[PDB]
Amino acid sequence: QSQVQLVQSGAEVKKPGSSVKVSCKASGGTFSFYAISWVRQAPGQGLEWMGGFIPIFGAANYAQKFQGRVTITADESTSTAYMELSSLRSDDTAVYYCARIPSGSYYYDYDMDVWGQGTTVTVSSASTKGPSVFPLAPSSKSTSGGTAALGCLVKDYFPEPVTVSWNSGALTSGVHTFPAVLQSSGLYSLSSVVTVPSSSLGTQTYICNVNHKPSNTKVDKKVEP
Amino acid sequence: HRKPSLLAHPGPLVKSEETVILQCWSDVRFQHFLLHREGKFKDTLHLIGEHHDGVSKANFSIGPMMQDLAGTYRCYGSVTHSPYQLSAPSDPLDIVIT
Amino acid sequence: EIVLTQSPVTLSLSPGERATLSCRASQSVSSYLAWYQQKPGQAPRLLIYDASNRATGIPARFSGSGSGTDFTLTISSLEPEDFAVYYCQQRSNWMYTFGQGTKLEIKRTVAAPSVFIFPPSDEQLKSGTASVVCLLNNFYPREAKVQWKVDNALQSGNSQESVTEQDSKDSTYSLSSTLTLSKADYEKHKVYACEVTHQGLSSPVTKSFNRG
Ligand SMILES: *[C@@H]1O[C@H](CO[C@@H]2O[C@@H](C)[C@@H](O)[C@@H](O)[C@@H]2O)[C@@H](O[C@@H]2O[C@H](CO)[C@@H](O[C@@H]3O[C@H](CO[C@H]4O[C@H](CO)[C@@H](O)[C@H](O)[C@@H]4O[C@@H]4O[C@H](CO)[C@@H](O)[C@H](O)[C@H]4NC(C)=O)[C@@H](O)[C@H](O[C@H]4O[C@H](CO)[C@@H](O)[C@H](O)[C@@H]4O)[C@@H]3O)[C@H](O)[C@H]2NC(C)=O)[C@H](O)[C@H]1NC(C)=O
């Protein structure tokens, strides 16, 4: 409800032990007498506060878990905020958020909170690698109840994200695209299945549409045998 | 950057479940008045300064007095030119529950 | 440092019911408590500020209460859009620690999964590895146990599973477990099975295949 809007820096991929600096530019206002709070959420986990900066008091408060590797700062203009994380570990792979909240109470004239779009930071010793799309062929082992199952395995890929669509988006009902998993190799892998009528398995043509960061588009036909 | 003035009405010593006014004013045309409490729970309240004849003032209203609203109250003022830069802190005013 | 603990972990209620969420703090924060809601795929949205005051635009069904160590978020008349994750965050003494969170899911009738198994592709075997997939489609509750068994041998450490979020139509979940094996260890064996245990299942269900 505040006129102020926040825009953060782009996504980043760093190696273990390096440093990343995310920016938060404010529009329609300044951080002024408010506080800059950074939060992080890892895939599947909850919100984790990293720290805060109150520019008026020149005060920087941080969380014990990040105390020592985290620095929150802002421009003299108080329009751009910055958080730098050092000794980057794989556990720091998450989405980082920046928020303009009040120092404490919202007493009297205090605007409601304003968040940014977020910034995805991936810390891994791996390199950019295209996925390998393998078929999950339909069979009596997947065709029971007059309903047949059909799917693809997007295995061994980095870095996220990966988009999966069936028949160029003409198949959305029954489609279950499961969240990716991080294997010991440091490479991701996902599965996307769709339940179709048992009949039409040999009549209908089902194709996987997978896109990724290394400019890789792999279309795979899913035949019955 | 000139220190403003802070006063408490009807006084600094307050009874439980009673409201007080912490007036913050200065001859400088302060556009934003910030009141900061130091104690068990520190806080910073904001109030837009109202520039009446001669001075710009702000009436901070501390609600039903609990042990959490007691502490050392100092007052600051700023100009919208750089709300980031506050002025010199006013003389501290200690609010204590009777 | 003050640690915020939320209860319950998961709340399984039905549309139209009254919901109650609890946030307990190791030390008093004294109304400096904020309530957030994160719907999946979006950023958190502020609901209650200063423990009891409702944010601008939030429906009046959301209510905040509590001071010191105990806090409560009440949502009367749960509207289908309210089923999400709710976090509490302290705002006292320049520390903005978050709570663990609470999942507000939909309590429907018991639904059991449709179990399908997928043998490894011939293209992946040329690549040198083999991946077997088991799928549990549309089930409630979310609690399910999948166990891979190769020739009557429980496999441990070679299976990775991922669950989907509750579907907005049938209010069910889906699970996909993947067993990755080398081309050397696969082939050395014959029977590959997938055991599934669920509340909606009178007996454990097994989907198996024999290579060849
Ligand atoms: C922030 O707070 C300021 C101070 O407010 C006072 O103190 C706080 C802590 C609270 O206790 C408040 O309740 C309290 O009011 C405000 O400034 C004051 O605003 C009020 C309300 O408008 C004013 O009261 C009214 O004043 C009218 C004018 O008469 C005064 O001013 C004349 C010159 O302008 C002066 O000649 C008069 O002598 C009189 O001065 C007051 O004398 C009394 C008694 O000695 C003092 O106690 C006051 O401090 C003096 N005020 C001064 C010096 O400014 C009155 O006409 C009017 O009376 C109305 O009600 C009576 C019935 O009760 C009717 O009979 C009458 O017809 C009329 O309708 C009323 O008293 C007050 O004067 C302002 N100043 C001060 C210092 O109190 C700020 O406005 C506020 N700011 C914000 C942003 O909220």
# chains A, B, ... in the order shown; residues from 1 in each chain; ligands from 1
call {"tool": "residues_near_ligand", "arguments": {"ligand": "ligand 1", "cutoff": "6 Å", "atoms": "only C-alpha atoms and all ligand atoms", "output": "ChimeraX atom specification"}}
result
/B:9,21,50,58-59
call {"tool": "write_last_selection", "arguments": {"atoms": "N, CA and C atoms", "output": "short mmCIF file (atom, residue, chain, number, x, y, z; two decimals), in the first residue's frame"}}
result
data_model
loop_
_atom_site.label_atom_id
_atom_site.label_comp_id
_atom_site.auth_asym_id
_atom_site.auth_seq_id
_atom_site.Cartn_x
_atom_site.Cartn_y
_atom_site.Cartn_z
N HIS B 9 3.89 15.77 29.40
CA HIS B 9 2.69 16.36 30.05
C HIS B 9 1.75 15.22 30.44
N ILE B 21 1.53 12.79 27.01
CA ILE B 21 1.93 13.46 25.78
C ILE B 21 3.39 13.87 25.92
N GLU B 50 4.49 19.72 12.81
CA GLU B 50 3.51 20.74 12.35
C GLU B 50 4.05 22.14 12.64
N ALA B 58 5.50 18.45 17.69
CA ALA B 58 4.95 17.12 17.50
C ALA B 58 4.55 16.56 18.86
N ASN B 59 3.30 16.12 18.97
CA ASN B 59 2.75 15.63 20.23
C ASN B 59 2.75 14.10 20.20
#
call {"tool": "residues_around", "arguments": {"residues": "residue 171 of chain A", "least_positions_apart": "3", "cutoff": "10 Å", "atoms": "only C-alpha atoms", "output": "list in words"}}
result
residues 165, 166, 167, 168, 174, 175, 194, 196, 206 and 207 of chain A
call {"tool": "closest_residue", "arguments": {"among": "A:67, A:217, A:87, A:147", "to": "chain C", "atoms": "only C-alpha atoms"}}
result
A:147
call {"tool": "atom_distance", "arguments": {"atom1": "atom CA of residue 125 of chain C", "atom2": "atom CA of residue 153 of chain C"}}
result
21.9 Å
call {"tool": "atom_distance", "arguments": {"atom1": "atom CA of residue 133 of chain A", "atom2": "atom CA of residue 114 of chain C"}}
result
24.1 Å
call {"tool": "closest_atom_pairs", "arguments": {"of": "chain A", "to": "chain B", "cutoff": "8 Å", "atoms": "only C-alpha atoms", "output": "tab-separated table"}}
result
residue	atom	partner	partner_atom	distance
A:31	CA	B:84	CA	7.9
A:32	CA	B:84	CA	4.9
A:33	CA	B:84	CA	6.2
A:55	CA	B:84	CA	6.4
A:56	CA	B:84	CA	5.2
A:78	CA	B:84	CA	6.9
A:103	CA	B:44	CA	6.6
A:104	CA	B:43	CA	5.4
A:105	CA	B:43	CA	6.5
A:106	CA	B:45	CA	7.5
A:107	CA	B:45	CA	5.7
A:108	CA	B:46	CA	6.6
A:109	CA	B:46	CA	6.3
A:110	CA	B:46	CA	7.3
call {"tool": "write_last_selection", "arguments": {"atoms": "N, CA and C atoms", "output": "PDB file, in the first residue's frame"}}
result
ATOM      1  N   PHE A  31      14.725   4.587   1.840  1.00  0.00           N
ATOM      2  CA  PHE A  31      14.587   3.773   3.067  1.00  0.00           C
ATOM      3  C   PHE A  31      14.370   4.737   4.230  1.00  0.00           C
ATOM      4  N   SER A  32      14.825   5.979   4.088  1.00  0.00           N
ATOM      5  CA  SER A  32      14.576   7.031   5.110  1.00  0.00           C
ATOM      6  C   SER A  32      14.821   6.547   6.537  1.00  0.00           C
ATOM      7  N   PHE A  33      13.811   6.679   7.396  1.00  0.00           N
ATOM      8  CA  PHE A  33      13.941   6.307   8.824  1.00  0.00           C
ATOM      9  C   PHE A  33      13.424   4.892   9.054  1.00  0.00           C
ATOM     10  N   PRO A  55      19.689   3.055   8.738  1.00  0.00           N
ATOM     11  CA  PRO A  55      20.613   4.110   8.304  1.00  0.00           C
ATOM     12  C   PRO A  55      20.675   5.351   9.205  1.00  0.00           C
ATOM     13  N   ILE A  56      19.553   5.753   9.787  1.00  0.00           N
ATOM     14  CA  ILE A  56      19.495   6.981  10.629  1.00  0.00           C
ATOM     15  C   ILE A  56      20.417   6.825  11.838  1.00  0.00           C
ATOM     16  N   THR A  78      20.549   6.648   0.183  1.00  0.00           N
ATOM     17  CA  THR A  78      19.548   5.799   0.896  1.00  0.00           C
ATOM     18  C   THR A  78      18.487   5.334  -0.108  1.00  0.00           C
ATOM     19  N   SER A 103      11.814   0.348  11.990  1.00  0.00           N
ATOM     20  CA  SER A 103      12.855  -0.054  12.972  1.00  0.00           C
ATOM     21  C   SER A 103      12.229  -0.926  14.064  1.00  0.00           C
ATOM     22  N   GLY A 104      11.026  -0.568  14.518  1.00  0.00           N
ATOM     23  CA  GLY A 104      10.320  -1.350  15.550  1.00  0.00           C
ATOM     24  C   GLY A 104       8.819  -1.299  15.374  1.00  0.00           C
ATOM     25  N   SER A 105       8.162  -0.343  16.026  1.00  0.00           N
ATOM     26  CA  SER A 105       6.686  -0.225  15.957  1.00  0.00           C
ATOM     27  C   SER A 105       6.268   0.486  14.674  1.00  0.00           C
ATOM     28  N   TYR A 106       5.015   0.314  14.285  1.00  0.00           N
ATOM     29  CA  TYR A 106       4.478   1.011  13.104  1.00  0.00           C
ATOM     30  C   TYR A 106       3.636   2.156  13.639  1.00  0.00           C
ATOM     31  N   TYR A 107       4.130   2.850  14.658  1.00  0.00           N
ATOM     32  CA  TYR A 107       3.261   3.856  15.322  1.00  0.00           C
ATOM     33  C   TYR A 107       3.083   5.132  14.505  1.00  0.00           C
ATOM     34  N   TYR A 108       1.821   5.542  14.355  1.00  0.00           N
ATOM     35  CA  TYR A 108       1.473   6.773  13.614  1.00  0.00           C
ATOM     36  C   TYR A 108       1.795   6.605  12.131  1.00  0.00           C
ATOM     37  N   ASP A 109       2.472   7.590  11.550  1.00  0.00           N
ATOM     38  CA  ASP A 109       2.750   7.569  10.097  1.00  0.00           C
ATOM     39  C   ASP A 109       3.851   6.560   9.781  1.00  0.00           C
ATOM     40  N   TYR A 110       3.499   5.299   9.521  1.00  0.00           N
ATOM     41  CA  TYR A 110       4.515   4.308   9.084  1.00  0.00           C
ATOM     42  C   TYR A 110       3.882   3.490   7.968  1.00  0.00           C
TER      43      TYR A 110
END
call {"tool": "select_by_dssp", "arguments": {"residues": "chain B", "states": "strand (DSSP E)", "output": "PyMOL selection string"}}
result
chain B and resi 5-9+13-14+20-26+32-38+43-48+50-51+56-62+71-78+93-97
call {"tool": "closest_atom_pairs", "arguments": {"of": "segment 52-95 of chain A", "to": "segment 10-29 of chain A", "cutoff": "10 Å", "atoms": "only C-alpha atoms", "output": "JSON lines"}}
result
{"residue": "A:69", "atom": "CA", "partner": "A:19", "partner_atom": "CA", "distance": 9.1}
{"residue": "A:70", "atom": "CA", "partner": "A:19", "partner_atom": "CA", "distance": 9.8}
{"residue": "A:71", "atom": "CA", "partner": "A:21", "partner_atom": "CA", "distance": 9.2}
{"residue": "A:72", "atom": "CA", "partner": "A:21", "partner_atom": "CA", "distance": 9.6}
{"residue": "A:73", "atom": "CA", "partner": "A:23", "partner_atom": "CA", "distance": 9.7}
{"residue": "A:74", "atom": "CA", "partner": "A:24", "partner_atom": "CA", "distance": 8.8}
{"residue": "A:75", "atom": "CA", "partner": "A:25", "partner_atom": "CA", "distance": 9.8}
{"residue": "A:78", "atom": "CA", "partner": "A:26", "partner_atom": "CA", "distance": 8.6}
{"residue": "A:79", "atom": "CA", "partner": "A:26", "partner_atom": "CA", "distance": 5.2}
{"residue": "A:80", "atom": "CA", "partner": "A:25", "partner_atom": "CA", "distance": 4.3}
{"residue": "A:81", "atom": "CA", "partner": "A:24", "partner_atom": "CA", "distance": 4.8}
{"residue": "A:82", "atom": "CA", "partner": "A:23", "partner_atom": "CA", "distance": 4.6}
{"residue": "A:83", "atom": "CA", "partner": "A:22", "partner_atom": "CA", "distance": 5.5}
{"residue": "A:84", "atom": "CA", "partner": "A:21", "partner_atom": "CA", "distance": 4.2}
{"residue": "A:85", "atom": "CA", "partner": "A:19", "partner_atom": "CA", "distance": 5.5}
{"residue": "A:86", "atom": "CA", "partner": "A:19", "partner_atom": "CA", "distance": 4.4}
{"residue": "A:87", "atom": "CA", "partner": "A:17", "partner_atom": "CA", "distance": 4.3}
{"residue": "A:88", "atom": "CA", "partner": "A:17", "partner_atom": "CA", "distance": 4.7}
{"residue": "A:89", "atom": "CA", "partner": "A:16", "partner_atom": "CA", "distance": 5.2}
{"residue": "A:90", "atom": "CA", "partner": "A:16", "partner_atom": "CA", "distance": 6.5}
{"residue": "A:91", "atom": "CA", "partner": "A:16", "partner_atom": "CA", "distance": 9.7}
{"residue": "A:92", "atom": "CA", "partner": "A:16", "partner_atom": "CA", "distance": 9.4}
{"residue": "A:93", "atom": "CA", "partner": "A:13", "partner_atom": "CA", "distance": 8.9}
{"residue": "A:95", "atom": "CA", "partner": "A:11", "partner_atom": "CA", "distance": 8.9}
call {"tool": "residues_around", "arguments": {"residues": "residue 92 of chain C", "least_positions_apart": "6", "cutoff": "12 Å", "atoms": "only C-alpha atoms", "output": "PyMOL selection string"}}
result
(chain A and resi 61+102-106) or (chain B and resi 39-44+68) or (chain C and resi 1-2+25+27-34+50-51+67-69+98)
call {"tool": "write_last_selection", "arguments": {"atoms": "N, CA, C and O atoms", "output": "tab-separated table (two decimals), in the first residue's frame"}}
result
chain	number	residue	atom	x	y	z
A	61	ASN	N	22.38	-4.69	12.59
A	61	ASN	CA	22.12	-5.83	13.49
A	61	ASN	C	22.08	-7.09	12.63
A	61	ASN	O	21.45	-7.05	11.57
A	102	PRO	N	9.63	-0.93	9.37
A	102	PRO	CA	9.97	0.03	10.42
A	102	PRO	C	11.02	-0.54	11.39
A	102	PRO	O	11.08	-1.74	11.56
A	103	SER	N	11.81	0.35	11.99
A	103	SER	CA	12.86	-0.05	12.97
A	103	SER	C	12.23	-0.93	14.06
A	103	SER	O	12.87	-1.92	14.47
A	104	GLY	N	11.03	-0.57	14.52
A	104	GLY	CA	10.32	-1.35	15.55
A	104	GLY	C	8.82	-1.30	15.37
A	104	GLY	O	8.29	-2.14	14.64
A	105	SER	N	8.16	-0.34	16.03
A	105	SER	CA	6.69	-0.23	15.96
A	105	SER	C	6.27	0.49	14.67
A	105	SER	O	7.10	1.19	14.09
A	106	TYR	N	5.02	0.31	14.29
A	106	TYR	CA	4.48	1.01	13.10
A	106	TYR	C	3.64	2.16	13.64
A	106	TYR	O	2.55	2.40	13.10
B	39	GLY	N	15.48	1.34	26.67
B	39	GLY	CA	15.03	0.59	27.83
B	39	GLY	C	14.88	-0.88	27.49
B	39	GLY	O	15.56	-1.41	26.60
B	40	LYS	N	13.96	-1.54	28.22
B	40	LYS	CA	13.74	-2.97	28.02
B	40	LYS	C	13.37	-3.28	26.57
B	40	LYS	O	13.77	-4.32	26.04
B	41	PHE	N	12.62	-2.39	25.93
B	41	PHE	CA	12.22	-2.57	24.53
B	41	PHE	C	12.39	-1.22	23.83
B	41	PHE	O	11.54	-0.34	23.96
B	42	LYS	N	13.48	-1.08	23.09
B	42	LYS	CA	13.74	0.17	22.38
B	42	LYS	C	12.81	0.29	21.17
B	42	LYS	O	12.40	-0.70	20.56
B	43	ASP	N	12.46	1.53	20.84
B	43	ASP	CA	11.52	1.80	19.76
B	43	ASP	C	11.78	3.19	19.21
B	43	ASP	O	12.40	4.04	19.87
B	44	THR	N	11.30	3.43	17.99
B	44	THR	CA	11.47	4.71	17.32
B	44	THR	C	10.15	5.07	16.64
B	44	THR	O	9.79	4.47	15.63
B	68	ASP	N	6.69	-1.64	29.78
B	68	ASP	CA	7.42	-1.70	28.52
B	68	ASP	C	7.60	-0.33	27.88
B	68	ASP	O	8.54	-0.14	27.09
C	1	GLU	N	19.75	-15.83	22.25
C	1	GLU	CA	18.93	-15.10	21.30
C	1	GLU	C	17.50	-15.65	21.28
C	1	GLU	O	17.29	-16.84	21.51
C	2	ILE	N	16.54	-14.78	21.01
C	2	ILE	CA	15.13	-15.16	21.07
C	2	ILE	C	14.79	-16.07	19.90
C	2	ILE	O	15.04	-15.73	18.74
C	25	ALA	N	7.41	-17.30	22.06
C	25	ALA	CA	8.78	-16.73	22.03
C	25	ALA	C	9.53	-17.10	23.31
C	25	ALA	O	8.92	-17.06	24.38
C	27	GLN	N	11.71	-15.43	24.84
C	27	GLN	CA	11.68	-14.26	25.70
C	27	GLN	C	10.66	-13.27	25.15
C	27	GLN	O	10.29	-13.33	23.98
C	28	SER	N	10.21	-12.37	26.02
C	28	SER	CA	9.12	-11.47	25.66
C	28	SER	C	9.54	-10.53	24.54
C	28	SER	O	10.62	-9.94	24.57
C	29	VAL	N	8.66	-10.40	23.54
C	29	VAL	CA	8.82	-9.38	22.52
C	29	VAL	C	7.81	-8.25	22.67
C	29	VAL	O	8.03	-7.17	22.10
C	30	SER	N	6.72	-8.46	23.41
C	30	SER	CA	5.82	-7.41	23.89
C	30	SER	C	5.17	-6.65	22.72
C	30	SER	O	5.43	-5.47	22.49
C	31	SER	N	4.30	-7.37	22.02
C	31	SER	CA	3.48	-6.87	20.91
C	31	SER	C	4.30	-6.49	19.68
C	31	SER	O	3.71	-6.10	18.67
C	32	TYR	N	5.62	-6.59	19.72
C	32	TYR	CA	6.43	-6.37	18.52
C	32	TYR	C	6.44	-7.65	17.68
C	32	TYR	O	7.51	-8.16	17.33
C	33	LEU	N	5.25	-8.15	17.36
C	33	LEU	CA	5.08	-9.43	16.68
C	33	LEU	C	4.34	-9.19	15.37
C	33	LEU	O	3.29	-8.54	15.36
C	34	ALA	N	4.89	-9.72	14.28
C	34	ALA	CA	4.29	-9.59	12.96
C	34	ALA	C	3.90	-10.96	12.43
C	34	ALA	O	4.55	-11.97	12.74
C	50	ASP	N	2.16	-5.24	14.80
C	50	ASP	CA	2.02	-4.86	16.21
C	50	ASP	C	1.08	-5.81	16.94
C	50	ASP	O	0.26	-5.39	17.76
C	51	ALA	N	1.18	-7.10	16.61
C	51	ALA	CA	0.51	-8.20	17.30
C	51	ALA	C	-1.00	-8.26	17.05
C	51	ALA	O	-1.56	-9.35	16.94
C	67	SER	N	0.57	-11.03	23.72
C	67	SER	CA	1.58	-10.05	24.16
C	67	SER	C	2.62	-10.79	25.00
C	67	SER	O	2.22	-11.61	25.83
C	68	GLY	N	3.91	-10.51	24.79
C	68	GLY	CA	4.97	-11.12	25.61
C	68	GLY	C	5.52	-12.39	25.00
C	68	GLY	O	6.40	-12.28	24.12
C	69	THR	N	5.04	-13.55	25.44
C	69	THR	CA	5.60	-14.84	24.96
C	69	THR	C	4.57	-15.61	24.13
C	69	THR	O	5.00	-16.47	23.35
C	98	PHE	N	12.59	-14.97	12.62
C	98	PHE	CA	11.38	-15.60	12.09
C	98	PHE	C	11.05	-16.87	12.86
C	98	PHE	O	11.90	-17.46	13.53
call {"tool": "interface_residues", "arguments": {"of": "chain C", "to": "chain A", "cutoff": "9 Å", "atoms": "only C-alpha atoms", "output": "ChimeraX atom specification"}}
result
/C:1,31-32,43-46,49-50,55-57,87,91-101,114-124,131-133,135,137,160-164,174-176,178,207-209
call {"tool": "residues_around", "arguments": {"residues": "residue 16 of chain C", "least_positions_apart": "2", "cutoff": "10 Å", "atoms": "only C-alpha atoms", "output": "list in words"}}
result
residues 13, 14, 18, 19, 75, 76, 77, 78, 79 and 80 of chain C
call {"tool": "atom_distance", "arguments": {"atom1": "atom CA of residue 71 of chain B", "atom2": "atom CA of residue 90 of chain B"}}
result
14.8 Å
call {"tool": "decode", "arguments": {"residues": "segment 90-108 of chain C", "atoms": "N, CA, C and O atoms", "output": "short mmCIF file (atom, residue, chain, number, x, y, z; two decimals), in the first residue's frame"}}
result
data_model
loop_
_atom_site.label_atom_id
_atom_site.label_comp_id
_atom_site.auth_asym_id
_atom_site.auth_seq_id
_atom_site.Cartn_x
_atom_site.Cartn_y
_atom_site.Cartn_z
N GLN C 90 9.35 -11.68 15.08
CA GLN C 90 9.51 -10.70 16.13
C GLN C 90 10.08 -9.40 15.56
O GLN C 90 10.80 -9.40 14.56
N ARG C 91 9.75 -8.29 16.22
CA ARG C 91 10.21 -6.97 15.81
C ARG C 91 10.72 -6.17 17.01
O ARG C 91 10.64 -4.94 17.02
N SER C 92 11.25 -6.85 18.01
CA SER C 92 11.66 -6.23 19.26
C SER C 92 13.18 -6.07 19.30
O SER C 92 13.91 -7.00 18.97
N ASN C 93 13.63 -4.89 19.72
CA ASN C 93 15.04 -4.61 19.98
C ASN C 93 15.92 -4.89 18.76
O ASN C 93 16.99 -5.50 18.87
N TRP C 94 15.45 -4.46 17.59
CA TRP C 94 16.21 -4.50 16.34
C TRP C 94 16.57 -5.92 15.91
O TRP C 94 17.52 -6.12 15.14
N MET C 95 15.85 -6.93 16.39
CA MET C 95 16.05 -8.31 15.98
C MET C 95 14.77 -8.81 15.34
O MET C 95 13.70 -8.77 15.96
N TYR C 96 14.87 -9.28 14.10
CA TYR C 96 13.70 -9.67 13.33
C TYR C 96 13.71 -11.16 13.03
O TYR C 96 13.57 -11.57 11.87
N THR C 97 13.88 -11.98 14.07
CA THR C 97 13.93 -13.42 13.91
C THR C 97 12.57 -13.96 13.48
O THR C 97 11.52 -13.48 13.93
N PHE C 98 12.59 -14.97 12.62
CA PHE C 98 11.38 -15.60 12.09
C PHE C 98 11.05 -16.87 12.86
O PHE C 98 11.90 -17.46 13.53
N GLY C 99 9.79 -17.29 12.75
CA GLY C 99 9.38 -18.58 13.25
C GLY C 99 9.54 -19.67 12.21
O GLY C 99 9.80 -19.40 11.03
N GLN C 100 9.39 -20.91 12.65
CA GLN C 100 9.55 -22.04 11.73
C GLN C 100 8.45 -22.07 10.68
O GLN C 100 8.70 -22.48 9.54
N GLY C 101 7.25 -21.65 11.04
CA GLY C 101 6.13 -21.62 10.12
C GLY C 101 5.10 -22.70 10.44
O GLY C 101 5.33 -23.60 11.25
N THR C 102 3.96 -22.59 9.77
CA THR C 102 2.87 -23.53 9.93
C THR C 102 2.15 -23.68 8.60
O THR C 102 1.79 -22.68 7.98
N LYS C 103 1.93 -24.92 8.18
CA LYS C 103 1.24 -25.21 6.93
C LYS C 103 -0.25 -25.38 7.20
O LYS C 103 -0.64 -26.20 8.03
N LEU C 104 -1.07 -24.58 6.52
CA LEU C 104 -2.52 -24.68 6.61
C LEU C 104 -3.01 -25.40 5.37
O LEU C 104 -3.11 -24.81 4.29
N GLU C 105 -3.32 -26.69 5.51
CA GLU C 105 -3.77 -27.53 4.41
C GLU C 105 -5.24 -27.87 4.58
O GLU C 105 -5.86 -27.61 5.61
N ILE C 106 -5.80 -28.46 3.53
CA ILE C 106 -7.22 -28.77 3.45
C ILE C 106 -7.44 -30.21 3.90
O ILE C 106 -6.79 -31.13 3.40
N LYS C 107 -8.37 -30.40 4.83
CA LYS C 107 -8.69 -31.72 5.35
C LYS C 107 -9.86 -32.28 4.54
O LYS C 107 -11.00 -31.85 4.70
N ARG C 108 -9.56 -33.25 3.68
CA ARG C 108 -10.55 -33.90 2.84
C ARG C 108 -10.69 -35.37 3.23
O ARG C 108 -10.08 -35.84 4.20
#
